[PDB]
Undergrad: 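This is the structure, below, for whatever I ask next.
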Amino acid sequence: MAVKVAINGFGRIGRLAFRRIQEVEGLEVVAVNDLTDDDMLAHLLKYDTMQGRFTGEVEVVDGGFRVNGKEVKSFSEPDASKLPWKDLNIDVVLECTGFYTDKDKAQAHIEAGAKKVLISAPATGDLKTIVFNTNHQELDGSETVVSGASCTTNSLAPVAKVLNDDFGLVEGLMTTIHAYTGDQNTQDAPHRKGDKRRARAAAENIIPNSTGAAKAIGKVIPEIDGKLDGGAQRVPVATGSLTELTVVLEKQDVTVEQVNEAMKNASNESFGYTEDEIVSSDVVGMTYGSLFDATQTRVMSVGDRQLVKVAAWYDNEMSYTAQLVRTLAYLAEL
Amino acid sequence: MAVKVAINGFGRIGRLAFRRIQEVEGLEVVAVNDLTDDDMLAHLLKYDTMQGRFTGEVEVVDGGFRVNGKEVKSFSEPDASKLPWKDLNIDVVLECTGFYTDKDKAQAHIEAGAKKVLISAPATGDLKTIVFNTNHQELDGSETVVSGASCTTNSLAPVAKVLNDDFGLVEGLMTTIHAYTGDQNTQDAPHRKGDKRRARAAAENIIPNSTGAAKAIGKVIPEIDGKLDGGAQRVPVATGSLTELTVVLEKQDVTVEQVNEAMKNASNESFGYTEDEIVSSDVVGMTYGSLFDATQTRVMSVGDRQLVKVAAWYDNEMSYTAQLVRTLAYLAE
Amino acid sequence: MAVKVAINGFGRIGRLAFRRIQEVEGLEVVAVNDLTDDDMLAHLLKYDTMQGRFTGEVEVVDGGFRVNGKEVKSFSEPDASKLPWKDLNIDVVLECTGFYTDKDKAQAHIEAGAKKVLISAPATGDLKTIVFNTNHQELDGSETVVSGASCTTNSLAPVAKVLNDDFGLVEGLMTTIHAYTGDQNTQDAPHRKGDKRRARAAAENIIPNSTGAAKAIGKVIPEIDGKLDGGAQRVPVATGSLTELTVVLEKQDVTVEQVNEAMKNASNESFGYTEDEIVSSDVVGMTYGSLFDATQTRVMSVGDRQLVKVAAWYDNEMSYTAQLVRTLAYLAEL
Amino acid sequence: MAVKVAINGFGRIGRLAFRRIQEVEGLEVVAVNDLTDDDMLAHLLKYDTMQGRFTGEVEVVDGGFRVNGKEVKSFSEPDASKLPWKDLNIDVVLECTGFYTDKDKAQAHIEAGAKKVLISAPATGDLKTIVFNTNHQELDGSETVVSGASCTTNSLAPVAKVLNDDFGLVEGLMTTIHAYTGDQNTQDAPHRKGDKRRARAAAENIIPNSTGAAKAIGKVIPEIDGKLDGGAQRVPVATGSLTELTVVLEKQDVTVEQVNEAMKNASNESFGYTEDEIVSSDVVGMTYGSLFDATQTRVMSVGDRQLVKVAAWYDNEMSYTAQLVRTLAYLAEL
């Protein structure tokens, strides 16, 4: 009766989703797929630079690894259509490799025998893009393939919803000052996808780049589709990020206190509120999808014309992972 | 011979200005004031983490130090009314300590005997704020105390001038993604000026903060005074920064190409233009005050309403320092 | 009910000592002295870059802050002799400012009314230097001023004791590859004490420097006084360090396994043992004073002549802090 | 005679060697092989995080790119035996990919038409390993495949030669405090070669690891083969490294000044001497293979028994690259 989860891709999100599922009753990881040996998988689960030691016991066994007494099967299969998801009774696959970010591509898990697939990134094709606590109620239970959107999209959506519901959004630009990620290079080097900026030493530069929220957002809140755009500056922190959003609103006698009060009223398990002068390392490990920071709200007025600026923090690892596990549990509950 | 400069405060900008002054045959630093021994001064001139080795020879000598032959006198003065600027015939003081950022305070150097003071920061009082090649022609030669604005103001001004001249600036917000500076703390610790974010480990955080450019720009371009505002995110690079400006313009069928071409046409020794996908470290050591990056121009349109975003790089160290030494030579000319 | 502790200097060690004491019943902090406002003290207690959020509630009041209702009085006093230790019944002062690291200087707290002072650094004068679980039993309860040695000394002492006790230590050199500390500069800048290397950007360099362990260790283990020396390389991690010790021993058919087994047999609350291939961030927040790493033991032999090398990890923040709080509790229990 | 050079692998060393070569008469790169597009190759040559900007104009043309008006042909060939080295009259290939580090494997370039191959790494098989100005005079001009040793071996050789020639080396242990390299991971992630430590976030950890120097010195100075060993601590600087050697010598009334003076007497283009209290960033871009630092010499004496410690800096990028280009020009001059 526990929901049976398989994780394809045991990278940052895969491993972090495994950690969260250990704490969510009714969800169990029964299988992991990754192109590496089990000694490596167990070790990276156990030790984690930014997120901390895993509490429980992890041991490598012949067909997998035991975690707190439970067996986790590990496979090493690179065509996802060959995975034994049918023999193992998989309810949901968390698709975290980065190589199946499309509806038709992802159906390989479904051919293989899983009941549903949640992609841990924006994805192309005929599927719903879901930010828990913003549009998860769009899910009616008939879905086989779903996108969990991106980390930034998750930090943005509940802020952008309040702005548009309460004040009316005319248009806005976004910058996420964003931690470096695994697909950035350690040293100046040819990048795989030809990105001359992701080619550069990750932890020695401010590096302009694209953000997966720039397009994902309109799919999440359709009534502002086309009204927001922006990008990222990848900077030398290993996790922890900040979304700055600069907007023109319909209402035009808006104040700092009006904006702050409205965000607070919308706060919930996915959307936090803070008036403390925190910095990025202070959100490491947090499980809100977004943390609105009242100390950063700015309102600029020249005659009848206002620009409004807001900021929301997120652990681009754990915020995103917690959002994705919330979607997982909900997707499996109907 | 030569304009005689005295540098008060031998920190990042003071040392870099000395260094910049070594690149400018005919400018000479005849004196340095700082509260530290000469062995420490010479050493810090000689070795530089982000800016690299001083190639010329530096040696410590009885009254101060010898640089590539020339004697530079050094002092351990805590005040600047007691400095022997009169005996040494100082033409201009570069005021880089951060403790004299006001017209009345800075007149101490003038009482001491210097002819002019250029402050390496925004400053209060009855003085002109000057970003070279934006508003340096406001100087008529009667000034005794002048401000060189800030590093961010120097990155912002030529971009904002083009935007307002060409398209008409209604309003705008700014964020500088900015290298950490020496007044930030190494580890989480009490901060001197009470700033709970500058109190935090500089090289382990994204840290929101204030910017000079926020207040200094209206003084540089009066016709947009009050139309811009913004701040900073201090991030873990030791030098190199990026100014992002998000604006509403009067003209409202503006394009990416229109904006880019206009910046290009305005390029000069202080304002560079690039279409290369560079990153921060790529502007370490550069001498433009501002480097416009065409790859980053965005234009957002919903019906008749447009938001325009632009970005410009700067070495908050050498960009600023090079701007300040241009002003210094013009001020003395 | 409780030993009453005053912390002088609310820096890295002071603040961390405050947090450890919340986990150890019998200790309470009743006072903090530092040259900064309360809002800054509460904030830095609450938020910590490398050690994570303070779990409990922290609120500011005038002349202090409260922590879970418990009132903590705060002060601004540069000469320790004017502090109201007498009015507050202070049992032990943790001296963490760095400005009283001498027996006569530290007696200021004693003049002020505290019963005892534990200095969170090596210290000159007529005092004992203590590494918990190496030489704390030297304390007979008559001491008024005591040194808690340094973070490196605390990593080194139990390793050096085993080497000497089991094999006979002839001589040895030490390097600690050491996290940068708050008295290093952010940017190349004049250094307060005239150290041309501590003058340099802390997080952009490998920086040779002194360690407190070279002089403090002979005071901790007298029978090897003068037999060890060495220094540090300050590197760009914010906390987490590693001591490498290269020794000549009396016994000269020593093996990797003999060394390892001897460290394991000596392991305790202050001295851990690991065979896992960990890295520095893995010891962040650890409460051992030293963590011996068996994977780094080396024995070099040419004819009848052996060089032996060993390594021990420590969180130069929390290892040292945990050691110091152990000494504090023992000092007050005598 | 412009010696015609082909570079296989346009990574850190490959790109840096192209840069050195442009500063040295007699050698010219006419071809580059790498598995990436030319726009990427030109960009990474042009911009460089740690070494600064290439002086000179670089433009992308057809069969490669233009540097200072000179055409450089580029290829994207994975099968090297297929490279048109014969049609292009290649004198020497600089093998910098990391995939041909063996004599038999490297002969592929020779089958392809190149006259000689210099491998930019230690290498197995029947070949000479060369540190310029230590053992380059072993080259008699009949060699087709040669190894240029490693960056650390280059830092170590001239120091060890002086110690052995002047004092007699008994035995010694080494640690290189070493900049992170491009085969380390940006984030905790499965490592390609299964190294659980190189798997970890490069710029957030002190990471123990192996050094090529331990395997490569004995081949460079045969009379001390087997007498040295040691490893590395990879730390969060992007370039700039330090080798610490702890030795037992035959002569045993050795002094700090004796050791220092002997290093200084041996100093040359490859082997610099300093008495300044420098740090890692101060060697960035330097062209000495090794820079002996007199400020770090230590001598430890207990009765008749001495341990001597020394340290030499090196830019693991540019020191190594300058050493490699000196060997290249000598190899081609015989």
Side-chain angles (χ1 to χ4, degrees), chain A residues 9-16 32 34-52 76 97-98 179-207 234-239 281 284 316-317, chain D residues 9-16 32 34-52 60 74 76 97 179-207 234 236-239 281 284 316-317:
Chain A
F10 217 54
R12 300 295 308 142
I13 305 310
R15 289 209 295 290
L16 290 192
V32 163
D34 193 291
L35 311 85
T36 181
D37 68 278
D38 292 332
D39 183 52
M40 185 64 70
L41 294 185
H43 186 78
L44 300 173
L45 168 57
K46 215 145 74 184
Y47 299 103
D48 190 304
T49 293
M50 303 304 292
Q51 301 298 344
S76 275
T97 65
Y180 64 82
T181 54
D183 66 296
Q184 281 173 260
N185 281 350
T186 307
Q187 293 285 353
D188 283 354
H191 194 257
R192 141 208 68 194
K193 302 176 179 150
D195 185 330
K196 283 149 89 170
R197 280 176 158 145
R198 289 193 197 218
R200 302 296 292 277
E204 311 296 323
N205 301 101
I206 303 153
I207 300 178
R234 297 306 180 90
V235 303
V237 290
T239 210
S281 63
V284 179
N316 51 102
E317 284 178 349
Chain D
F10 212 51
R12 294 304 306 146
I13 304 307
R15 293 203 295 290
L16 288 188
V32 162
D34 192 295
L35 305 90
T36 180
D37 67 87
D38 294 328
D39 184 51
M40 181 70 65
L41 295 185
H43 187 76
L44 299 173
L45 169 61
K46 218 147 71 184
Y47 299 102
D48 191 307
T49 301
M50 303 302 298
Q51 309 291 341
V60 174
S74 64
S76 317
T97 60
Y180 64 86
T181 56
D183 66 299
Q184 282 179 260
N185 278 352
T186 306
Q187 294 287 350
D188 289 356
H191 194 258
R192 142 205 70 191
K193 300 174 177 157
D195 186 333
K196 282 147 95 166
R197 280 172 154 157
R198 287 197 195 214
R200 302 296 293 280
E204 309 298 321
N205 301 110
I206 300 157
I207 302 172
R234 303 295 180 90
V237 294
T239 210
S281 63
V284 174
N316 50 96
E317 284 177 352

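Here is how names work: the chains are called A, B, and so on, in the same order as the sequence lines, proteins then strands, and each is numbered from 1.
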Undergrad: Give a yes or no answer on whether the side chain of A/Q187 reaches the backbone of D/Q184 with a donor-acceptor pair at less than 3.5 Å.
TA: no

Undergrad: What heavy-atom pair brings A/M40 and D/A199 nearest, and what distance separates the two atoms?
TA: SD-CB, 4.0 Å

Undergrad: Please classify the contact of D/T36 with chain A as side chain, backbone, both or neither, using a heavy-atom distance under 4.5 Å.
TA: side chain

Undergrad: Check whether any side-chain heavy atom of D/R200 sits under 4.5 Å from a side-chain heavy atom of A/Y47, and report yes or no.
TA: yes

Undergrad: Side chains of A/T49 and D/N205: any donor to acceptor distance under 3.5 Å?
TA: yes

Undergrad: If you round to the nearest 0.5 Å, how far is CZ of A/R197 from NE2 of D/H43?
TA: 7.5 Å

Undergrad: Which answer fits D/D183, side chain, backbone, both or neither, if we ask what part of it has an atom under 4.5 Å from a heavy atom of chain A?
TA: neither

Undergrad: With a 4.0 Å cut-off on N to O distance, would you call D/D188 and A/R15 a salt bridge?
TA: no

Undergrad: Which bit of A/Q51 is near chain D, if near means a heavy-atom gap under 4.5 Å: side chain, backbone, both or neither?
TA: neither

Undergrad: State the CG-NZ distance between D/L41 and A/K196, to the nearest 0.5 angstrom.
TA: 11.0 Å

Undergrad: I'd like to know which of D/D48, D/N185, D/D37 tops the heavy-atom pair count under 4.5 Å against chain A.
TA: D/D48

Undergrad: Name the option with the most non-hydrogen atom pairs under 4.5 Å to chain D; the candidates are A/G182, A/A203, A/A201, A/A238.
TA: A/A238

Undergrad: Please classify the contact of D/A202 with chain A as side chain, backbone, both or neither, using a heavy-atom distance under 4.5 Å.
TA: side chain

Undergrad: Where is the tightest heavy-atom contact between D/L44 and A/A189, given as atom of each residue plus distance?
TA: CD1-C, 3.5 Å

Undergrad: Based on non-hydrogen pairs under 4.5 Å, which of D/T239, D/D39, D/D34 is most in contact with chain A?
TA: D/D39

